[PDB]
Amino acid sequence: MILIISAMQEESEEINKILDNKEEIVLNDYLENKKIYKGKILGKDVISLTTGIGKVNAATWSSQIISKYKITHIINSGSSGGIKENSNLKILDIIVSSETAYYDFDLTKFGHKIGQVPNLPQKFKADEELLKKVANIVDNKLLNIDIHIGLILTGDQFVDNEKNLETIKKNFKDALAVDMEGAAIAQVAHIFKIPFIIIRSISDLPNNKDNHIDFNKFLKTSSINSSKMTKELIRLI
């Protein structure tokens, strides 16, 4: 039972479009009237969950669903900001986590690494088997879309070209891209030992000037591409 987690309705819509046997399920024990969609993708049981934005929304709703259903795999789909320079990163390209970490967590004063939560790795590793399946997709050129595999960084900010961007880069040199939920989901996954992977697509490049405009232009389409890659990964699960 595969949990596909997205932050924004635009991002989840590209997953919800491709569900077979789609049903609306309502969570309401606290009158929250929260709708999730359950269905199938290529014969595999899927829940599409929309969390809202940021670490606490992602953690809160992932946790709810994990409590109420037997989740075997977590896929975090949606948009990402591509940050790594001179490495062929383009808007609409696919970004896949080999690892993820917070850039905005800091108990350095107590000797933990930058981004590291106590008793957890600094870098949550995506599932070995999910990564081999990504390799397969890359090697067989199923998508006419460049795929980058690497470190995705998470924090509760929409990253722009202010000097916020440069200190992240200096803290994690090899970092590929950013998001507002990836390592929150990875932390939840770690706690419940559920294999995870982050599968996003580049909506914008933070270094560039009005990246929020590109972000608005490409959100839906980057969601299309994330969903296509998610579909192909599910084929192999």
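For every residue, the number given is its place in the sequence shown, counted from 1.
Peer 1: Tell me which stretch, 186-194 or 36-44, has the higher mean Cα B-factor listed in the entry.
Peer 2: Higher mean C-alpha B-factor: 36-44.
Peer 1: Output the stretch having the higher mean C-alpha B factor in the entry; the candidates are 124-132 and 85-93.
Peer 2: It is 85-93.
Peer 1: In terms of the chain's CA B-factor thirds, is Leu107 lowest, middle or highest?
Peer 2: Middle third, going by the recorded CA B-factors of the chain.
Peer 1: Should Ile168 be placed in the lowest, middle or highest third of its chain by the C-alpha B factor in the entry?
Peer 2: Ranked within chain, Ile168 CA B lands in the highest tercile.
Peer 1: Ranking the modelled residues of this chain by C-alpha B-factor as given in the entry, is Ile65 in the lowest, middle or highest third?
Peer 2: As the PDB entry reports it, the C-alpha B-factor of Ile65 lands in the middle third of its chain.
Peer 1: By its CA B factor, does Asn161 count among the lowest, middle or highest third of the modelled residues in the chain?
Peer 2: Its C-alpha B-factor belongs to the highest third of this chain's values.
Peer 1: Using only modelled residues of the chain, where does the Cα B factor of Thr50 rank: lowest third, middle third or highest third?
Peer 2: Lowest third.
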